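Residue numbers (PDB author numbering), protein chains in the order written: chain B, 37 to 394; chain A, 34 to 392. Where a beta carbon is used, it is the ideal one built from N, C-alpha and C, also for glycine. Here the structure is laid out as structure tokens; the discussion comes afterwards.
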Ligand SMILES: Nc1ncnc2c1ncn2[C@@H]1O[C@H](COP(=O)(O)OP(=O)(O)NP(=O)(O)O)[C@@H](O)[C@H]1O
Ligand SMILES: Nc1ncnc2c1ncn2[C@@H]1O[C@H](COP(=O)(O)OP(=O)(O)NP(=O)(O)O)[C@@H](O)[C@H]1O
Ligand SMILES: [Cl-]
Ligand SMILES: [Cl-]
Ligand SMILES: [Mg+2]
Ligand SMILES: [Mg+2]
Ligand SMILES: [Mg+2]
Ligand SMILES: [Mg+2]
Ligand SMILES: [Mg+2]
């Protein structure tokens with residue numbers, strides 16, 4: 037039991053597609069800041085918490101499946117929900133939390149500290165802290181700028197260093213002091229631009245699916261990734277104004293190394309795609325989606341990869357990630373984007389260990 | 034209505050499995066000289082939430098869902114059509130198939146309901162049923178019509194539009210349907226826009242302060258600062274820059290004017306709110322947008338919320354007023370002063386009578 041000799045907390049990432057419990061052990065330095073953070077347990081369940089019916093029976097079944105088999109309990113729990121809950125008004129979210137609070141009050145294995153929906157900006161801060169914790173770039177002043185993108189199912193987050201600025205909304209800027217270093221970040225989350233929510237606007241776009249893929253409207257796919265990418269960009273920019281918000285800031289505050297977490301890791305590591313060194317470029321992701329999915333005959337390709345239930349969307353996703361990173365954020369198509377191997381189950385929850393405010 | 038109407042008339046069950054919920058209807062009818070239904074009467078209705086597509090597809094959850102939908106119906110030994118719409122269209126076929134395999138098995142394990150079909154219908158079929166159902170209720174199907182009747186179905190995940198249009202070999206055969214009913218030949222244009230339903234579309238504007246009442250708490254922690262003209266222009270970008278609604282629809286309506294517009298779906302719920310002032314179950318887009326702007330967008334959220342404790346969807350009314358105008362006016366090109374009839378929401382009117390007529 038590592039929790040006998042080290043501080044332990046549980047952090048739950050309640051994401052739009054699933055919930056992930058992590059138990060972390062850690063020590064603290066001279067300032068009571070965590071160090072030597074180690075994940076001692078994880079459990080992932082689907083579907084997303086916001087997708088279940090908020091009643092006592094269903095909430096119990098879900099929380100039991102997430103938590104009951106954990107080898108360690110009697111520890112503090114932070115239950116932080118993200119874009120899945122943000123899609124609901126507070127009045128509806130409150131029913132989930134009233135039931136979840138009751139569930140925790142009716143048991144003794146877990147000590148609930150907080151259960152709340154965090155903002156996308158809070159999520160983006162955690163994303164940057166988690167990745168930079170893993171990269172060991174927090175202990176000393178970096179002479180490289182590290183930017184983080186979290187490519188979620190309902191929202192996407194972008195976060196990078198930016199000096200404090202009186203012109204930009206306070207909500208989009210965070211100052212923290214960690215390991216005696218003062219860090220100032222720009223944060224932004226785009227609700228609705230996660231892969232699931234985005235996709236619901238393009239299901240009848242023939243350019244976004246393999247040839248003869250059966251579109252729900254009865255037309256056939258006729259894949260073409262550059263054309264699909266142009267359609268997605270209209271959502272990124274004409275609707276959400278991603279380019280106008282993000283590009284001038286990155287021009288002034290270049291990022292030297294980009295890391296991406298979230299579902300893009302699963303796409304990049306899938307059997308259809310081929311990348312070395314756990315990194316990609318937008319140019320190569322768009323070309324590979326174009327040639328290996330968009331330009332293929334759907335029934336033939338589906339039958340080649342029988343077990344693969346994400347495949348059908350890869351023409352669209354490859355196009356969308358390019359639209360978002362290149363046409364939205366302004367990233368060069370040849371710029372390396374590091375992605376974290378999915379096997380690491382790396383989400384933003386280490387950021388909560390490091391940073392207990394919101 | 035007779036006691037035990039199904040002992041005296043033909044009966045069928047039609048289930049609208051919509052994105053927000055499923056509605057069972059049982060209709061009695063007689064048939065005329067060609068075995069075509071007449072005197073269609075709803076004898077039972079049950080609506081359950083949430084949508085079929087939102088459940089986890091396994092035998093336990095499907096059993097519980099269909100039991101909740103069907104078990105207390107007053108008659109079970111009748112044909113059943115289970116037609117899902119945009120909620121299921123959001124899913125790939127492989128994912129949909131898990132639902133239908135479980136549903137089929139459930140029907141085969143019981144011996145009363147007579148399952149005829151359980152499938153996802155296209156938005157084009159849905160729009161055909163929308164037009165048949167509304168025109169059946171208006172009694173415009175028997176005889177050739179003076180005026181063109183158009184129907185809009187303002188759903189949670191998709192919206193449908195349908196109106197008379199002579200055959201055009203230059204338009205996809207999927208967007209056209211010829212029918213012969215009660216001895217008359219009718220040609221319709223049909224179209225559905227997936228993702229432009231109220232729920233799906235709203236997920237692109239939740240952090241737009243122009244689309245919410247003043248001081249409404251947006252998810253990103255900023256405050257509402259409502260302005261319906263502003264929010265309408267945001268929504269029009271999704272309609273047109275993204276979906277090309279105007280390019281698709283406007284050239285056809287210009288050339289095939291609709292004399293009378295009817296809307297069904299969730300729009301009747303908005304228009305019925307005590308915040309609005311409409312007469313004769315009809316609205317105009319201009320009046321909808323101005324009233325949303327003044328009564329919701331530019332009002333204080335906490336005030337509004339305490340004042341209308343019976344409007345569950347109140348928080349969305351600024352956005353929905355703006356959205357309806359963007360879709361109908363900037364998308365379809367309908368004049369903002371053109372009357373739009375809405376069917377009183379107590380009528381629970383959906384497209385399902387269309388299936389009684391069309392099968
Ligand atoms: N095995 C897989 N292969 C390919 N793609 C996958 C796989 N598993 C998950 N994904 C994709 O990743 C998406 C989920 O990404 P993820 O970053 O976990 O989102 P989330 O945290 O649940 N949503 P959000 O609340 O917006 O952060 C899913 O919708 C899938 O599309
Ligand atoms: N009582 C009500 N008051 C106000 N708004 C309501 C009310 N009931 C439903 N609505 C709105 O109408 C929506 C449901 O519209 P509806 O026509 O039932 O869509 P659907 O058929 O479930 N989806 P689709 O598959 O796209 O047709 C809900 O999401 C609400 O936002
Ligand atoms: Cl469709
Ligand atoms: Cl947010
Ligand atoms: Mg228990
Ligand atoms: Mg996430
Ligand atoms: Mg959804
Ligand atoms: Mg490989
Ligand atoms: Mg509907």
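Is the beta carbon of residue i within less than 7 Å of some heavy atom of ligand 1?
i, result
"residue 191 (chain B)", "yes"
"residue 308 (chain B)", "no"
"residue 385 (chain B)", "no"
"residue 339 (chain B)", "no"
"residue 299 (chain B)", "yes"
Measuring straight from C-alpha to C-alpha, what distance separates residue i and residue j?
i, j, result
"residue 348 (chain A)", "residue 183 (chain B)", "35 Å"
"residue 54 (chain B)", "residue 253 (chain A)", "21 Å"
"residue 177 (chain A)", "residue 220 (chain A)", "12 Å"
"residue 83 (chain B)", "residue 101 (chain B)", "12 Å"
"residue 368 (chain B)", "residue 229 (chain B)", "20 Å"
"residue 76 (chain B)", "residue 141 (chain B)", "25 Å"
"residue 218 (chain A)", "residue 316 (chain A)", "31 Å"
"residue 43 (chain B)", "residue 171 (chain B)", "22 Å"
"residue 282 (chain A)", "residue 343 (chain B)", "40 Å"
"residue 134 (chain A)", "residue 146 (chain A)", "17 Å"
"residue 174 (chain A)", "residue 214 (chain A)", "7 Å"
"residue 390 (chain B)", "residue 297 (chain A)", "52 Å"
"residue 373 (chain A)", "residue 269 (chain A)", "19 Å"
"residue 232 (chain A)", "residue 188 (chain A)", "8 Å"
"residue 291 (chain B)", "residue 153 (chain B)", "29 Å"
"residue 371 (chain B)", "residue 181 (chain B)", "14 Å"
"residue 203 (chain A)", "residue 285 (chain A)", "12 Å"
"residue 37 (chain B)", "residue 70 (chain B)", "19 Å"
"residue 326 (chain A)", "residue 263 (chain A)", "10 Å"
"residue 256 (chain B)", "residue 235 (chain B)", "17 Å"
"residue 305 (chain B)", "residue 225 (chain A)", "36 Å"
"residue 321 (chain A)", "residue 375 (chain A)", "12 Å"
"residue 167 (chain B)", "residue 364 (chain B)", "22 Å"
"residue 350 (chain A)", "residue 338 (chain A)", "12 Å"
"residue 50 (chain B)", "residue 120 (chain B)", "8 Å"
"residue 144 (chain B)", "residue 47 (chain B)", "17 Å"
"residue 334 (chain A)", "residue 127 (chain B)", "13 Å"
Considering only heavy atoms of ligand 2, does any lie closer than 7 Å to the CB of residue i?
i, result
"residue 114 (chain A)", "no"
"residue 233 (chain B)", "no"
"residue 303 (chain A)", "yes"
"residue 346 (chain A)", "yes"
Would you say residue i touches ligand 6, meaning its beta carbon is less than 7 Å from a heavy atom?
i, result
"residue 118 (chain B)", "yes"
"residue 188 (chain B)", "yes"
Beta carbon of residue i: closer than 7 Å to some heavy atom of ligand 3?
i, result
"residue 252 (chain B)", "yes"
"residue 155 (chain A)", "yes"
"residue 122 (chain A)", "yes"
So does residue i have its beta carbon nearer than 7 Å to some heavy atom of ligand 9?
i, result
"residue 158 (chain A)", "no"
"residue 51 (chain A)", "yes"
"residue 228 (chain A)", "no"
Hey, is residue i close to ligand 4, as in C-beta under 7 Å from one of its heavy atoms?
i, result
"residue 225 (chain B)", "yes"
"residue 208 (chain B)", "no"
"residue 240 (chain A)", "yes"
How about residue i: is its Cβ closer than 7 Å to a heavy atom in ligand 5?
i, result
"residue 469 (chain B)", "Summary: the structure shown does not reach residue 469 (chain B), with chain B confined to residues 37 through 394, and so no result is reported for it."
"residue 96 (chain B)", "yes"
Runs of beta strand (DSSP E) wholly within the stretch 267-332 of chain B (minimum 3 residues, chain order):
293-298 and 315-317
Are the stretch 302-319 of chain A and the stretch 197-207 of chain A touching, with three or more C-beta to C-beta distances below 8 Å?
no
So if I threshold CB-CB distances at 8 Å, which residues from the stretch 307-320 of chain B count as touching chain A?
none
The stretch 348-359 of chain A contacting the stretch 235-244 of chain A, beta-carbon criterion three pairs below 8 Å:
yes
Mind checking the stretch 147-181 of chain B against chain A and listing, in chain order, the residues whose C-beta falls within less than 7 Å of any C-beta there?
155, 156 and 157
Taking only runs of the beta strand (DSSP E) that begin and end inside the stretch 178-223 of chain B, which ones reach a length of at least 3 residues, in chain order?
182-187, 191-197 and 209-214
For the stretch 323-384 of chain A, which segments carrying the beta strand (DSSP E) assignment without a break, of at least 3 residues, lie completely within its bounds, in sequence order?
373-375
Listed in chain order, which residues of the stretch 340-365 of chain A have Cβ atoms closer than 7 Å to some Cβ of chain B?
348
For the stretch 68-111 of chain B, which segments carrying the alpha helix (DSSP H) assignment without a break, of at least 4 residues, lie completely within its bounds, in sequence order?
92-103
I'd like the ranges of any alpha helix (DSSP H) spanning at least 4 consecutive residues and lying wholly in the stretch 114-175 of chain A.
119-122, 126-141 and 156-170
For the pair the stretch 124-134 of chain B and the stretch 84-94 of chain B, tell me if three or more CB-CB distances fall below 8 Å.
yes
Listed in chain order, which residues of the stretch 252-268 of chain B have Cβ atoms closer than 8 Å to some Cβ of chain A?
252, 253, 254, 255 and 267
For the stretch 108-132 of chain A, which residues have a beta carbon sitting closer than 7 Å to at least one beta carbon of chain B?
122, 123, 125, 126 and 127
The stretch 66-97 of chain B: positions lying closer than 8 Å to chain A by Cβ:
83, 87 and 89
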